[PDB]
Amino acid sequence: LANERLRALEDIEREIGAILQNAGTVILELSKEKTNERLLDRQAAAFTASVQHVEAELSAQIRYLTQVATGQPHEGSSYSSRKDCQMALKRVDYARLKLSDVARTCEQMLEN
Amino acid sequence: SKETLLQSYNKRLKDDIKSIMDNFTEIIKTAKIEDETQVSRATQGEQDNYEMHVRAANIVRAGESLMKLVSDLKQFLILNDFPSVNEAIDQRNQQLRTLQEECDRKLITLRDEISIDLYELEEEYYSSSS
Amino acid sequence: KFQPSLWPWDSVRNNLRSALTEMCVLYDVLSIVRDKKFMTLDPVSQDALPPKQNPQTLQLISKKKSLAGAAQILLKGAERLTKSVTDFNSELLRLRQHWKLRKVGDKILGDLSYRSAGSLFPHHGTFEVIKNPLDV
């Protein structure tokens, strides 16, 4: 559950990285002198690698979603266990109130 | 249908990647300096400035659309990826069963201790002389 | 001075309509040029001397300024994305982890009844999910 969702979070961050690499590459090209042309090539390869693996991750996840889609609303649930747990907790609360009353009558008896 | 929605997601992804690549390549191509002929330096330069700004805006818009696609895919996964619903349901069920069993063990032990105290109190009260 | 109730987006309309006036000027002048009457054409061979090396230097400074503005808008959008990611679907994670949900149309609904748990009660517990982070 955290796996595919964390993949989606990573692809969010890498879309940001793609835009920042676009911006950094045209930043270096706008310079009056741009000595680090090797670093320009590195930023260009970084940009294209970012776009390519963003495409790879999203295509893979659309494929995986195509494999496990059904168009049906999933008739499973967990309601009955929550109901039984609520009844158990209210049993405990009822016993707590009754124990408070018995202890209060014991304090009234011992108090005199 | 589900197939139709998945196709539409595929179409959006292909379109966004294509648009980012095309806009960046076109900006790089315009960035070429060429010799002028019948273009009047000043007009050519303003037109080029407008083109670059519009293409950068288009790249940012494509990034926003990719964010929208990621959000829609996340919603689809949270709503109808059957395996994870089953593991969530099973984990919830097992946790609630353990809480119920703890409550019932506490109550049963409480009943036994209270019963022993009740036996002592019954003996004392009924055998009181008064 | 009043306009069809456009109190924002007026200056953009001023610039665009000024462009519309000079574009109607272009259509006007080339149309009246295109007919022989009221305007005519004469082929003249004339030559100009450029006083400075204009294409090299002008293309240089204009392209560096254009690339400067393009990198500005790109990196501004980039840092907007950085601050933008640093909450709805996490609450959909928690809500789906406790409740039974589905999607019809654009709407996202949920079941509240025990009909999954076995009740034949003739009442559907459809509650809507409403983004407002989340509400029911």
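Residues numbered from 1 in each chain as written, not as in the entry; some residues may be left out. Chains lettered and ligands numbered in written order. Part of a larger assembly, values for the part shown. Heavy atoms only, no water.

- Deposited coordinates in this entry are attributed by the record to cryo-EM, at a stated resolution of 3.5 Å.

Let's talk about the packing of helix α1 (residues 2-30) of chain B against helix α2 (residues 41-80) of chain B
Residue and element names in this part refer to chain B.
Then comes step 1: With their axes 9 Å apart at the nearest point, α1 and α2 run at an angle of 155° to one another. In this view, α1 runs roughly antiparallel relative to α2, as classed from their interaxial angle. α2 is crossed by α1, and the crossing has left-handed handedness.
Then comes step 2: Class assignment for the residues of the contact of α1 with α2 results in 15 nonpolar, 6 polar and 8 charged. (Axes fitted to C-alpha atoms, helices over the stretch in contact; angles between N-to-C directions. Helix = DSSP H or I, 4+ residues; strand = E, 2+ residues; numbered from the N terminus. Parallel < 35°, antiparallel > 145°, perpendicular 65-115°, else oblique. Left-handed = near helix turned anticlockwise from the far one by under 90°. Nonpolar A, V, L, I, M, F, W, Y, C, P; charged D, E, K, R; others polar.)

A few points about the UniProt feature "coiled-coil region" in chain B
Then comes step 1: Summarizing the sequence annotation, UniProt attributes the feature "coiled-coil region" to residues 84-113 of chain B in the numbering used throughout.
Then comes step 2: Annotated as 100% helix and 0% strand, the span residues 84-113 of chain B places its first and last C-alpha atoms 44 Å apart. (UniProt positions renumbered as here; feature names shortened; annotations may be inferred.)

Let's talk about the nonpolar core
Then comes step 1: Among the nonpolar cores identified, the biggest contains 39 residues, and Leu13, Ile20, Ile59 and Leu66 of chain B together with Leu74 of chain C are the most heavily contacted of them.
Then comes step 2: Elements represented by at least two residues in this core include exactly α1 (2-30) and α2 (37-67) of chain A, α1 and α2 of chain B together with α2 (54-85) of chain C.
Then comes step 3: At 12 residues, the largest contribution of residues to this core is made by α2 of chain B.
Then comes step 4: Once you skip the residues sitting within four places of it in the chain, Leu66 of chain B turns out to touch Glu15, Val54 and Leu58 of chain A together with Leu13, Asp16, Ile17 and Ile20 of chain B. (Core = buried A, V, L, I, M, F, W, Y, C linked by side-chain atoms within 4.5 Å. Buried < 20%, exposed > 50% of the residue type's maximum accessible area, 1.4 Å probe, protein only. Contact = heavy atoms within 4.5 Å.)

Quick notes on the sheet that holds strand β3 (residues 126-128) of chain C
Residues and elements named next belong to chain C.
Then comes step 1: Strand order in the open sheet formed by 3 strands is β1-β2-β3, and the pairing between neighbours is antiparallel. At either end of the open sheet lies a strand with only one pairing partner, and these are β1 (100-104) and β3. In this sheet, neighbouring strand axes are inclined to one another by 35° on average, regardless of whether the strands run parallel or antiparallel.
Then comes step 2: Pairing geometry for β1 and strand β2 (residues 107-111), over 5 bridges, is antiparallel. Across the sheet, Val104 pairs through a bridge with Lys107, a residue of β2. (Pairing = 2+ DSSP bridges.)

Observations regarding the packing of aromatic side chains
Then comes step 1: Applying the stated criterion to the full structure yields 6 aromatic pairs over all chains.
Then comes step 2: Between the aromatic rings of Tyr9 of chain B and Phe76 of chain B, the centroid separation amounts to 6.4 Å while the plane-to-plane angle is 90°, which identifies the pairing as edge-to-face. With a gap of 67 residues between them, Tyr9 of chain B in helix α1 and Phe76 of chain B in helix α2 connect regions that are remote in the sequence.
Then comes step 3: Ring-pair connections join several aromatic residues into one group, and the members of that group are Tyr79 of chain A together with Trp99, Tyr114 and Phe127 of chain C.
Then comes step 4: A cation over a ring is seen here: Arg82 of chain A above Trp99 of chain C, with NZ or CZ 4.3 Å from the ring centre. (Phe/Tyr/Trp six-rings, centres within 6.5 Å; stacked < 30°, edge-to-face > 60°. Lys NZ or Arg CZ within 6 Å of the ring centre and 35° of its normal.)

Overview of the interface of chain A and chain B
Many authors give the size of an interface as the accessible area that is lost as the parts come together.
Then comes step 1: Taken together, the 40 residues of chain A in the interface contact 35 residues of chain B.
Then comes step 2: Carbon and sulfur atoms make up 80% of the area that chain A and chain B hide from each other, which totals about 3700 Å².
Then comes step 3: When the buried surface of chain A facing chain B is broken down by residue, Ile62, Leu65 and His74 of chain A rank first, second and third, together holding 17% of it.
Then comes step 4: In this structure, the connection of chain A to chain B is made through 1 salt bridge.
Then comes step 5: In this structure, the salt-bridge partner of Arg91 of chain A is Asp104 of chain B, at a minimum N-O distance of 3.2 Å.
Then comes step 6: Taken together, the links from chain A to chain B amount to 4 residue pairs in polar contact.
Then comes step 7: Only α1, α2 and α3 (79-110) of chain A provide two or more residues apiece to the side of chain A that touches chain B.
Then comes step 8: Residue composition of the side of chain A that touches chain B, by class: 21 nonpolar, 12 polar and 7 charged. (Buried area = accessible area lost by both parts, 1.4 Å probe. Salt bridge = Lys/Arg side-chain N within 4 Å of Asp/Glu carboxyl O. Polar contact = N/O pair within 3.5 Å; in protein donor to acceptor, adjacent residues only side chain to side chain.)

Things to note about the interface of chain C and chain B
Then comes step 1: Of the residues lining the interface, 25 residues belong to chain C; the matching set on chain B comes to 27 residues.
Then comes step 2: Between chain C and chain B, the buried area comes to about 2300 Å², and carbon and sulfur atoms account for 66% of it.
Then comes step 3: Interface area lost by chain C to chain B is led by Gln59, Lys63 and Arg96 of chain C, which between them contribute 28%.
Then comes step 4: The interface formed by chain C and chain B holds 2 salt bridges in total.
Then comes step 5: Two residues, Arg80 of chain C and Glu64 of chain B, come together in a salt bridge whose shortest N-O distance is 3.0 Å.
Then comes step 6: Viewed at the interface, chain B and chain C are joined by 7 residue pairs in polar contact.
Then comes step 7: Of all the secondary-structure elements, those providing two or more residues to the side of chain C that touches chain B are α2 and α3 (88-98) of chain C.
Then comes step 8: If you tally residues by element for the side of chain C that touches chain B, the top one is α2 of chain C, at 17 residues.
Then comes step 9: Of the residues belonging to the side of chain C that touches chain B, the class tally is 11 nonpolar, 10 polar and 4 charged.

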